[PDB]
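Report on the structure given below.
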Amino acid sequence: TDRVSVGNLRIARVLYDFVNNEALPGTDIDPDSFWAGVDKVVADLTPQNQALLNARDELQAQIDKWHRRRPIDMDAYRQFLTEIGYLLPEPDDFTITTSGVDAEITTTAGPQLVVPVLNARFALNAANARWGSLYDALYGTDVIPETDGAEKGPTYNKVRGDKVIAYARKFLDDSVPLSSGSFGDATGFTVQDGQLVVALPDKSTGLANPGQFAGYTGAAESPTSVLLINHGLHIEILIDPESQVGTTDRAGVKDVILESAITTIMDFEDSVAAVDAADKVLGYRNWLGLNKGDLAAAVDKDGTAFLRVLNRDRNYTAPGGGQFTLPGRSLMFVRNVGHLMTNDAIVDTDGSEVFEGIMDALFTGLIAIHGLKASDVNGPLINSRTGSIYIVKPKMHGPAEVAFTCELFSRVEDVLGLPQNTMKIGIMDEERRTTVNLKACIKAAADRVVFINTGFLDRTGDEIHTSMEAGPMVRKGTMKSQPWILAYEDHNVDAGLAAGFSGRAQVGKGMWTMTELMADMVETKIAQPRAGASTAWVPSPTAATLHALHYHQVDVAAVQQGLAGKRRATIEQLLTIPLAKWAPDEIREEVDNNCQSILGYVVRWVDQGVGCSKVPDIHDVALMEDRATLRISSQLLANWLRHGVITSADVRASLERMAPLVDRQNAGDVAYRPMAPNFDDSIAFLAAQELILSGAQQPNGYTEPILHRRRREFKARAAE
Ligand SMILES: CC(C)(COP(=O)(O)OP(=O)(O)OC[C@H]1O[C@@H](n2cnc3c(N)ncnc32)[C@H](O)[C@@H]1OP(=O)(O)O)[C@@H](O)C(=O)NCCC(=O)NCCS
Ligand SMILES: [Mg+2]
Ligand SMILES: [Mg+2]
């Protein structure tokens, strides 16, 4: 109670001061009125937030019980779901009306990067990732095998760099073909009569489609770069005969830059650990520096002191000679937490903590005002040309919960003195009660929705928890082939396209989690635009630039017109629970893999407040772990345990097997403290144990209650 009272709220000082001193100035909002609206909004919406949480609990207990009385009669099951209000009727057809949305969303198909907002260095990089080097992406990853002397080394390897160049030349041929011949034989480029002219050994050539020439830099007769466009994404050939790569190139080409992460999601949710006012202030401050345009982070390359800042916009000459400008930064969404958790950043008179999702709207809405204009006090950055603020709302269960978000935004808009529908919603489709009512969810947000996205990891976590009592589930790597998930994915696209999303809102698909396996990403992740998704999630800038390749090969707008108005998934498919028909080596492998990934993720969450980590699985595949991959592992094991496939002792023994391995993976991190051999003195080990043995008891299988409590424990113990 260094807490400032305002109405019935008791606001942590660090938050109060950050809001008044940093966030509020320049927004033209009177601070007294701000705080009294925070108070009114919290008092008015809290009881409905609680009622919606109680309803999830009520629905689950009814489902548990139904399974416990009960080979599933699917008609009887649908019926039961209809009677308790889980499965509601599908509304009449409609088209969404959302307006004031930027083209990066309504129109441009391309990769969407997600990043932990608490990590300024990564958050900057992500905003800067709208524009990335294809050469660095190819040279630095396994896309180009290290085969036939193309191995990376201390020095530029010309055998490898020549392979990169060729790979890029073919890409240029496929995306922006010349009228005659190949980019592989280009000797130079000029601009003549406002056309791109490409010099060959024969032969000068224009482009088969001259509308793919977007502009250039430098002199017409001797350009420093050539900007091209295909499928609404830009491609920049940098020309420099004198650069290290350029001198080795037939046309003195130094690099190919792809426009990649057209949008970026600055994440408050599953990729960060933020358990108290101090943690939330850290992320709100980074969100603030992003929208003001002044965020920075000291960066070290070869023991020289650099500063990472936001990219400035990019200046070009139009084909016909005028100057213009393309955005240097990807358009930023912010992902707020969902409806579940409270946070002690504010408590009321009785010391009850305030719902965090309510706070996130208020505070991330407030701070987003700075990126709606340029001024000294707002900073130079403008995030939206149309004045929209873009908020991803995760983990919603059903249309009532969407309507409640929309009402929250509406209430917040009045507090912030913003027009109604300024605050846009990106709806995660990642909970079962949302999937099976998806059209009504879209409908509840028909004037705010800017995206739907299959958050498949959370979605599998809910799948396991929802049917926890039905029997043992299949192994988690066997989920991808189950009818529920295949119908889920097609159904999401169907519903977005039937609601008129094409040309208006993103249809998005999920995250590639194998951070190092890029050759695989480039081979496999093309399926998502081919399925109609105008965007999909990538884990890094490098993965954005690589994924952009797929949007050049697939014409997603043409895909979408060819799928629109076609129903491909049925309710019954969507509701088919992934029940199993295992040898003990198969159970051992599943349990140990789940345990290893749990421990390796939780130990850095609890001990270090890192909410997204790269953690090798049992096969040494480096996986991106966040709360959602945790939700799956801990729910699958709780489900095996529930049904007697494994015992408690089994889980404990596995956890003891793998803790020493995680400790080894983490040695050479000077800040790491081992779990072994004193497992019970490890709050992080106990967290991982609790997530599994209490897993069935967690609401919707969510990991935040145990993780937030354990991280706070850990801070408290670090304090004395
Ligand atoms: C998995 C993850 C933690 C890997 O990062 P890591 O183990 O700490 O370190 P790596 O060596 O692989 O990469 C660090 C470098 O890549 C960049 N990087 C990695 N992920 C990035 C992201 N999302 N945005 C911007 N840059 C990123 C960093 O900026 C850094 O480059 P720099 O030295 O120039 O600053 C990570 O990619 C991440 O936190 N981001 C995306 C995941 C997400 O947001 N959701 C969770 C999905 S499972
Ligand atoms: Mg600004
Ligand atoms: Mg999710």
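The chains in the structure tokens are called A, B, ... from first to last as shown; in each chain the residues are counted from 1, and the ligands are counted from 1 in the order shown.
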Per residue of chain A within 7 Å of ligand 2, which atom pair is closest and at what distance in Å (one decimal), using only C-alpha atoms and all ligand atoms, listed by chain and increasing number, as a tab-separated table?
residue	atom	partner	partner_atom_place_in_ligand_line	distance
A:291	CA	ligand 2	1 (Mg)	6.0
A:292	CA	ligand 2	1 (Mg)	4.8
A:293	CA	ligand 2	1 (Mg)	6.7
A:370	CA	ligand 2	1 (Mg)	4.5
A:371	CA	ligand 2	1 (Mg)	4.0
A:372	CA	ligand 2	1 (Mg)	5.8
A:373	CA	ligand 2	1 (Mg)	4.2
A:374	CA	ligand 2	1 (Mg)	3.9
A:375	CA	ligand 2	1 (Mg)	6.1
A:378	CA	ligand 2	1 (Mg)	4.4
A:379	CA	ligand 2	1 (Mg)	4.4
A:380	CA	ligand 2	1 (Mg)	4.8
A:381	CA	ligand 2	1 (Mg)	4.1
A:382	CA	ligand 2	1 (Mg)	4.9
I need the residues from that last selection saved to file as a short mmCIF file (atom, residue, chain, number, x, y, z; two decimals), in the first residue's frame (with N, CA and C atoms), if you can.
data_model
loop_
_atom_site.label_atom_id
_atom_site.label_comp_id
_atom_site.auth_asym_id
_atom_site.auth_seq_id
_atom_site.Cartn_x
_atom_site.Cartn_y
_atom_site.Cartn_z
N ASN A 291 5.03 3.12 -29.84
CA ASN A 291 4.05 4.02 -30.41
C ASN A 291 4.55 5.43 -30.53
N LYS A 292 5.44 5.83 -29.60
CA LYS A 292 6.09 7.13 -29.73
C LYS A 292 7.19 7.08 -30.76
N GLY A 293 7.84 5.92 -30.95
CA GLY A 293 8.83 5.85 -32.02
C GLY A 293 10.22 6.03 -31.46
N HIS A 370 -0.59 7.67 -28.92
CA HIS A 370 0.63 8.26 -29.45
C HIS A 370 0.96 7.79 -30.86
N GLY A 371 0.53 6.62 -31.30
CA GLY A 371 0.97 6.19 -32.63
C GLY A 371 -0.11 6.58 -33.64
N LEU A 372 -1.07 7.40 -33.23
CA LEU A 372 -2.08 7.82 -34.15
C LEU A 372 -1.72 9.18 -34.68
N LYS A 373 -0.68 9.81 -34.15
CA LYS A 373 -0.22 11.08 -34.69
C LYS A 373 1.26 11.32 -34.46
N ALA A 374 1.80 12.32 -35.16
CA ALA A 374 3.23 12.71 -35.03
C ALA A 374 3.33 14.08 -34.40
N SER A 375 4.12 14.21 -33.35
CA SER A 375 4.38 15.48 -32.72
C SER A 375 5.52 15.25 -31.77
N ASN A 378 3.98 13.43 -28.90
CA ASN A 378 3.62 12.07 -29.29
C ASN A 378 4.72 11.24 -29.91
N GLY A 379 5.86 11.85 -30.22
CA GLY A 379 6.89 11.17 -31.00
C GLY A 379 6.53 11.18 -32.50
N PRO A 380 7.55 10.93 -33.36
CA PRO A 380 7.39 10.98 -34.85
C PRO A 380 6.54 9.80 -35.48
N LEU A 381 6.38 8.68 -34.80
CA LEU A 381 5.74 7.52 -35.40
C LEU A 381 4.25 7.61 -35.54
N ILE A 382 3.76 7.14 -36.69
CA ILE A 382 2.33 6.94 -36.90
C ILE A 382 2.13 5.47 -37.24
#
**OP:** Write down as a PyMOL selection string the residues belonging to region 62-291 of chain A that are assigned strand (DSSP E or B) by DSSP computed on the backbone.
**Re:** chain A and resi 112-116+131-133+178+188-192+195-199+204-205+207+213-219+222-230+233-239+253-259+263-267+272
Would you export the selected residues with C-alpha atoms as an mmCIF file, in the first residue's frame, please?
data_model
loop_
_atom_site.group_PDB
_atom_site.id
_atom_site.type_symbol
_atom_site.label_atom_id
_atom_site.label_comp_id
_atom_site.auth_asym_id
_atom_site.auth_seq_id
_atom_site.Cartn_x
_atom_site.Cartn_y
_atom_site.Cartn_z
ATOM 1 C CA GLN A 112 2.541 -11.816 -39.194
ATOM 2 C CA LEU A 113 5.307 -11.818 -36.542
ATOM 3 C CA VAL A 114 4.640 -12.169 -32.826
ATOM 4 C CA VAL A 115 7.006 -10.984 -30.199
ATOM 5 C CA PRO A 116 7.263 -10.529 -26.460
ATOM 6 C CA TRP A 131 11.810 -5.280 -44.574
ATOM 7 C CA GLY A 132 14.350 -8.128 -44.481
ATOM 8 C CA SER A 133 17.338 -9.379 -46.429
ATOM 9 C CA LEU A 178 11.237 -10.575 -67.656
ATOM 10 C CA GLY A 188 22.730 -4.284 -65.212
ATOM 11 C CA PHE A 189 19.462 -2.321 -64.875
ATOM 12 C CA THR A 190 18.263 0.996 -66.108
ATOM 13 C CA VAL A 191 15.141 3.094 -66.067
ATOM 14 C CA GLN A 192 14.086 4.263 -69.545
ATOM 15 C CA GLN A 195 10.203 1.422 -67.613
ATOM 16 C CA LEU A 196 12.641 -0.952 -66.034
ATOM 17 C CA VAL A 197 15.105 -2.161 -68.690
ATOM 18 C CA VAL A 198 17.166 -5.248 -67.762
ATOM 19 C CA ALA A 199 20.439 -5.696 -69.655
ATOM 20 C CA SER A 204 17.739 -5.699 -73.138
ATOM 21 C CA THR A 205 14.390 -6.744 -71.735
ATOM 22 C CA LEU A 207 9.292 -7.088 -67.381
ATOM 23 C CA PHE A 213 7.984 -2.055 -61.547
ATOM 24 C CA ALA A 214 7.324 0.081 -58.464
ATOM 25 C CA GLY A 215 10.243 2.516 -58.390
ATOM 26 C CA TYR A 216 13.994 2.885 -57.864
ATOM 27 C CA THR A 217 16.701 4.770 -56.012
ATOM 28 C CA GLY A 218 19.727 6.652 -57.412
ATOM 29 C CA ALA A 219 20.008 7.905 -61.029
ATOM 30 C CA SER A 222 22.635 3.984 -62.990
ATOM 31 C CA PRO A 223 20.237 3.007 -60.151
ATOM 32 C CA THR A 224 21.388 2.102 -56.651
ATOM 33 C CA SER A 225 18.237 -0.115 -56.325
ATOM 34 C CA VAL A 226 15.163 -1.375 -58.139
ATOM 35 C CA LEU A 227 11.822 -1.785 -56.336
ATOM 36 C CA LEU A 228 9.442 -4.372 -57.605
ATOM 37 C CA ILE A 229 6.037 -5.589 -56.475
ATOM 38 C CA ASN A 230 4.212 -8.879 -56.713
ATOM 39 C CA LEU A 233 4.494 -7.262 -51.591
ATOM 40 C CA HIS A 234 7.618 -5.357 -52.517
ATOM 41 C CA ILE A 235 10.985 -6.786 -53.596
ATOM 42 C CA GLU A 236 14.075 -4.512 -53.626
ATOM 43 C CA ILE A 237 17.194 -5.406 -55.569
ATOM 44 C CA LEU A 238 20.119 -3.487 -54.100
ATOM 45 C CA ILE A 239 22.808 -2.830 -56.740
ATOM 46 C CA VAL A 253 23.618 -7.077 -57.090
ATOM 47 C CA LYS A 254 24.422 -6.762 -53.346
ATOM 48 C CA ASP A 255 21.151 -8.125 -51.821
ATOM 49 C CA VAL A 256 17.457 -8.787 -52.382
ATOM 50 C CA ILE A 257 15.237 -7.237 -49.648
ATOM 51 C CA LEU A 258 11.722 -8.694 -49.133
ATOM 52 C CA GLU A 259 8.864 -6.887 -47.628
ATOM 53 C CA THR A 263 2.122 -6.697 -39.476
ATOM 54 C CA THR A 264 3.534 -7.544 -36.096
ATOM 55 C CA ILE A 265 1.896 -8.452 -32.806
ATOM 56 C CA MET A 266 3.434 -6.925 -29.700
ATOM 57 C CA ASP A 267 2.540 -9.514 -27.145
ATOM 58 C CA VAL A 272 5.729 -12.956 -21.644
#
Surroundings of ligand 3 up to 10 Å, based on only C-alpha atoms and all ligand atoms, as a PDB file with C-alpha atoms, in the first residue's frame:
ATOM      1  CA  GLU A 269       0.049 -12.570 -23.364  1.00  0.00           C
ATOM      2  CA  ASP A 270       1.574 -16.139 -23.914  1.00  0.00           C
ATOM      3  CA  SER A 271       5.170 -15.033 -24.806  1.00  0.00           C
ATOM      4  CA  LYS A 393      -8.006 -10.640 -27.919  1.00  0.00           C
ATOM      5  CA  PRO A 394      -6.944 -14.200 -27.033  1.00  0.00           C
ATOM      6  CA  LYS A 395      -8.663 -17.222 -25.339  1.00  0.00           C
ATOM      7  CA  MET A 428      -8.070 -15.724 -31.721  1.00  0.00           C
ATOM      8  CA  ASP A 429     -10.073 -18.855 -32.611  1.00  0.00           C
ATOM      9  CA  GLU A 430      -8.368 -20.997 -30.056  1.00  0.00           C
ATOM     10  CA  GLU A 431     -10.960 -22.325 -27.669  1.00  0.00           C
ATOM     11  CA  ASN A 453      -6.762 -16.700 -36.449  1.00  0.00           C
ATOM     12  CA  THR A 454      -6.515 -20.370 -35.664  1.00  0.00           C
ATOM     13  CA  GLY A 455      -4.449 -20.427 -32.473  1.00  0.00           C
ATOM     14  CA  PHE A 456      -4.044 -24.213 -32.852  1.00  0.00           C
ATOM     15  CA  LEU A 457      -1.890 -24.753 -29.748  1.00  0.00           C
ATOM     16  CA  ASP A 458      -4.241 -23.191 -27.258  1.00  0.00           C
ATOM     17  CA  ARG A 459      -7.026 -24.873 -29.296  1.00  0.00           C
ATOM     18  CA  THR A 460      -5.493 -28.339 -28.682  1.00  0.00           C
ATOM     19  CA  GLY A 461      -5.049 -27.538 -24.988  1.00  0.00           C
ATOM     20  CA  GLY A 510      -0.837 -20.497 -36.757  1.00  0.00           C
ATOM     21  CA  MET A 511       2.743 -20.479 -35.648  1.00  0.00           C
ATOM     22  CA  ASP A 626       5.073 -20.535 -24.698  1.00  0.00           C
ATOM     23  CA  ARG A 627       2.064 -21.008 -22.366  1.00  0.00           C
ATOM     24  CA  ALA A 628       0.029 -22.668 -25.064  1.00  0.00           C
ATOM     25  CA  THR A 629       2.579 -25.453 -25.873  1.00  0.00           C
ATOM     26  CA  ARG A 631      -1.081 -26.048 -21.874  1.00  0.00           C
TER      27      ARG A 631
END
**OP:** Find, counting only C-alpha atoms and all ligand atoms, the residue in A:677, A:322, A:541, A:100 that gets nearest to ligand 1.
**Re:**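 Checking each candidate against ligand 1, we get A:541 as the closest.
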Original post:
Residues at most 9 Å from region 568-578 of chain A, counting only C-alpha atoms, excluding those fewer than 5 positions away in the same chain, as a PyMOL selection string?
Top reply: chain A and resi 74-75+78+432+435-436+463-464+467+470+472-474+479+482-491+494
Using the selection just defined, write its residues with C-alpha atoms as a compact mmCIF listing (two decimals), in the first residue's frame.
# COMPACT_ATOMS: atom_id res chain seq x y z
CA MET A 74 -22.63 -37.98 -31.38
CA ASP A 75 -26.32 -37.01 -31.91
CA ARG A 78 -24.65 -32.50 -29.80
CA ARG A 432 -13.52 -24.98 -28.56
CA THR A 435 -14.72 -22.70 -32.92
CA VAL A 436 -18.14 -24.40 -32.79
CA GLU A 463 -9.66 -29.86 -26.79
CA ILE A 464 -7.85 -32.06 -24.22
CA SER A 467 -13.07 -33.88 -23.02
CA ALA A 470 -14.10 -38.96 -22.00
CA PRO A 472 -7.26 -41.11 -22.82
CA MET A 473 -6.33 -38.85 -25.76
CA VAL A 474 -3.95 -39.62 -28.60
CA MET A 479 -3.24 -34.51 -32.87
CA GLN A 482 -7.27 -35.80 -36.06
CA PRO A 483 -10.60 -34.83 -37.72
CA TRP A 484 -11.33 -32.07 -35.13
CA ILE A 485 -8.23 -30.07 -36.12
CA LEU A 486 -8.53 -30.55 -39.84
CA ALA A 487 -12.24 -29.47 -39.75
CA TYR A 488 -11.31 -26.59 -37.30
CA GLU A 489 -8.85 -25.13 -39.80
CA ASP A 490 -11.16 -25.36 -42.85
CA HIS A 491 -14.14 -24.14 -40.76
CA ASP A 494 -15.05 -20.90 -44.40
Subject >> Nearest-residue call for ligand 1, choices A:248, A:613, A:175, A:311, using only C-alpha atoms and all ligand atoms >> reply: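 Ranking A:248, A:613, A:175, A:311 by distance to ligand 1, first place goes to A:613.
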Original post:
With distances taken over only C-alpha atoms, which of A:595, A:615, A:23, A:671 is nearest to residue 689 (chain A)?
Top reply: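 So, comparing all the options, the nearest one is A:595.
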**OP:** Report as a PyMOL selection string: the residues of region 544-638 of chain A with a DSSP assignment of alpha helix (DSSP H), based on the backbone of this structure.
**Re:** chain A and resi 544-553+556-563+571-574+584-608+627-638
**OP:** Quick one: everything within 9 Å of residue 121 (chain A), counting only C-alpha atoms, minus sequence neighbours fewer than 4 positions away in the same chain. Send it as a ChimeraX atom specification.
**Re:** /A:125-126,296-299,308-309
Could those selected residues go to a file with N, CA, C and O atoms, as a CSV table (one decimal), in the first residue's frame?
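And here's part_4.csv as it stands now:
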chain,number,residue,atom,x,y,z
A,125,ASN,N,13.3,-5.2,-33.4
A,125,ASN,CA,13.6,-6.0,-34.5
A,125,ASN,C,12.4,-6.5,-35.2
A,125,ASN,O,12.4,-6.6,-36.4
A,126,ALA,N,11.4,-6.8,-34.5
A,126,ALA,CA,10.1,-7.3,-35.1
A,126,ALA,C,9.4,-6.1,-35.9
A,126,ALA,O,9.0,-6.3,-37.0
A,296,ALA,N,14.5,2.2,-27.9
A,296,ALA,CA,15.9,1.9,-28.3
A,296,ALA,C,16.4,0.7,-27.4
A,296,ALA,O,15.9,0.5,-26.3
A,297,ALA,N,17.5,0.1,-27.8
A,297,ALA,CA,18.1,-1.1,-27.1
A,297,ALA,C,19.5,-1.2,-27.5
A,297,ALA,O,19.8,-1.2,-28.7
A,298,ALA,N,20.4,-1.3,-26.6
A,298,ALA,CA,21.9,-1.3,-26.8
A,298,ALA,C,22.2,-2.7,-27.3
A,298,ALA,O,21.7,-3.7,-26.8
A,299,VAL,N,23.0,-2.7,-28.4
A,299,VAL,CA,23.2,-4.0,-29.1
A,299,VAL,C,24.7,-4.1,-29.4
A,299,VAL,O,25.4,-3.1,-29.8
A,308,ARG,N,20.1,-0.3,-31.5
A,308,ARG,CA,18.9,-0.6,-32.3
A,308,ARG,C,17.8,0.4,-32.0
A,308,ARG,O,17.4,0.6,-30.9
A,309,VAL,N,17.3,1.0,-33.1
A,309,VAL,CA,16.1,1.9,-33.1
A,309,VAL,C,15.1,1.5,-34.1
A,309,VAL,O,15.3,0.6,-34.9
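Compared by their closest atoms to ligand 1, and using only C-alpha atoms and all ligand atoms, the residues A:407, A:300, A:663, A:240 rank with A:300 nearest.
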**OP:** Between CA of residue 594 (chain A) and CA of residue 642 (chain A), measure the distance and give it in Å to one decimal.
**Re:** 15.8 Å
Subject >> Polymer residues at most 12 Å from residue 50 (chain A), only C-alpha atoms, same-chain spacing of 3 or more positions, as a VMD selection string >> reply: chain A and resid 42 to 47 53 to 57 339 to 342 354 to 355 357 to 358 401 404
**OP:** Give the answer as one residue: which of A:262, A:638, A:87, A:544 has the shortest atom-to-atom distance to ligand 1, using only C-alpha atoms and all ligand atoms?
**Re:** A:544
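Between CA of residue 605 (chain A) and CA of residue 273 (chain A) the separation is 6.5 Å.
With only C-alpha atoms taken into account, the protein and nucleic acid residues at most 10 Å from residue 448 (chain A) (excluding it and anything under 6 positions from it in its own chain) are residues 96, 97, 98, 99, 100, 101, 388, 390, 406, 409, 420, 421, 422, 423, 424, 425, 426, 427, 442 and 505 of chain A.
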Original post:
Separation of CA of residue 314 (chain A) and CA of residue 130 (chain A), in Å?
Top reply: 11.3 Å
Nearby residues (only C-alpha atoms) at most 7 Å from residue 695 (chain A), same-chain spacing under 5 positions excluded, as a CSV table (one decimal) with C-alpha atoms, in the first residue's frame:
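File selection-v9.csv, as written:
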chain,number,residue,atom,x,y,z
A,634,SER,CA,0.5,-30.6,-19.1
A,635,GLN,CA,-3.1,-31.3,-20.1
A,638,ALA,CA,-3.1,-34.9,-16.7
A,701,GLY,CA,-6.5,-26.2,-18.4
